[PDB]
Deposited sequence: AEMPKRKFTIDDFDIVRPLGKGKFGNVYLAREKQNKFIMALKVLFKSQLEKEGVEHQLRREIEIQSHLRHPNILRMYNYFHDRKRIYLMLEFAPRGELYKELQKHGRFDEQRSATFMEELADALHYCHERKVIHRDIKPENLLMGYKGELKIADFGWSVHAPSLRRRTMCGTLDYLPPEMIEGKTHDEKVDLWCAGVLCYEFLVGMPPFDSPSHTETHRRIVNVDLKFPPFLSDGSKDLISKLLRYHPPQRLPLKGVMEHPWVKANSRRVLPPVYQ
């Protein structure tokens, strides 16, 4: 493959380590996203090994709620990633625009997320950075896990995002796949509320609220959503509701309107 095998339609925006373009593969007239990475830039920033780990994980994952990497090619100066195009774009922009999601929208995303994470966990892949900014939306608004920047095939690596950090990470303990259970609970809360649960003016007060699980549910939340969130946001990782438990949760069953995209 070469860039000449594609018609670049338009830029989609800045992605991690490079610009993303909407492109059509001339032969099959197939619309996809094309991420362009500059080989020298990757070397200068010292992110080659970090990009290789992400490509290695994302290219071997095949799930309707995981953004697909079809293939990759390179020339003298650039590495091109042939990626699934998610037509509805950034989930965070949608959250920002609406302020908060309704129960249907949130439960659908939770079912899609738990299914994608279960698929990962089954393959010993821990995401470690589930948050709205790492999610894209498909043609029918279906969730697409799009960033695997902190992911690992398995830990002590202190990683993720402040508001989403599990207690065990803040406390410098070893962690396992159960960090994704905690982040799923923080995500569910943020979807429904519009803000993460332990939001505070200072890092020390956010750390304090996380370790004490200082969860203060707004009165507009249903009993069902609070039930799911409380079951995920457990201080002790083994007490956290498993991903199969999220999928089976009565609030998810009653509210999700998940549709599986057509297969070939």
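Enquirer: What residue ranges of the deposited sequence are absent from the coordinates?
Expert: Seq positions lacking coordinates: 1-7, 162-165, 276.
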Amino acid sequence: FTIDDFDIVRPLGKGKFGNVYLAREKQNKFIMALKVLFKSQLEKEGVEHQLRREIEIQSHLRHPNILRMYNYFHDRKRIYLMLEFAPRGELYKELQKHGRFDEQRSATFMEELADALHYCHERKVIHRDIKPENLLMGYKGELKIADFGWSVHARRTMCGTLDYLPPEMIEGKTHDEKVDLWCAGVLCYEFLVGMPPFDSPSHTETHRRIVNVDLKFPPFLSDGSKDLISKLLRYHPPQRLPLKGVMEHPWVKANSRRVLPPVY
From here on, numbers count along this sequence of modelled residues.
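Enquirer: Would you mind comparing 70-78 and 114-122 for me and telling me which has the higher average C-alpha temperature factor in the entry?
Expert: In the deposited entry, the stretch with the higher C-alpha B-factor mean is 70-78.
Enquirer: Looking at the deposited entry, does 195-203 or 25-33 carry the larger mean Cα B-factor?
Expert: Stretch with the higher mean C-alpha B-factor: 25-33.
Enquirer: Identify, among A254, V20, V9, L241, the residue whose C-alpha carries the highest B-factor in the deposited PDB entry.
Expert: Answer for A254, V20, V9, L241: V9, with the highest C-alpha B-factor.
Enquirer: Based on what the PDB entry reports, which of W150, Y164, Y139, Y189 has the top C-alpha B-factor?
Expert: Across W150, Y164, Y139, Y189, the entry lists the biggest C-alpha B-factor for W150.
Enquirer: Taking the chain's C-alpha temperature factors as the reference, tell me which third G185 falls into: lowest, middle or highest.
Expert: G185: CA B-factor falls in the lowest third of its chain.
Enquirer: According to the PDB entry, is the CA B factor of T157 in the bottom, middle or top third of its chain, that is, lowest, middle or highest?
Expert: Its C-alpha B-factor, which the entry lists for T157, ranks in the highest third among residues of this chain.
Enquirer: Split into thirds by Cα B-factor across the chain's modelled residues, where does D227 land: lowest, middle or highest?
Expert: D227: CA B-factor falls in the lowest third of its chain.
Enquirer: Among the modelled residues of this chain, does the Cα B factor of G46 put it in the lowest, middle or highest third?
Expert: Ranked within chain, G46 CA B lands in the highest tercile.
Enquirer: When the modelled residues of the chain are sorted by Cα temperature factor, does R208 land in the lowest, middle or highest third?
Expert: It falls in the middle third of the chain.
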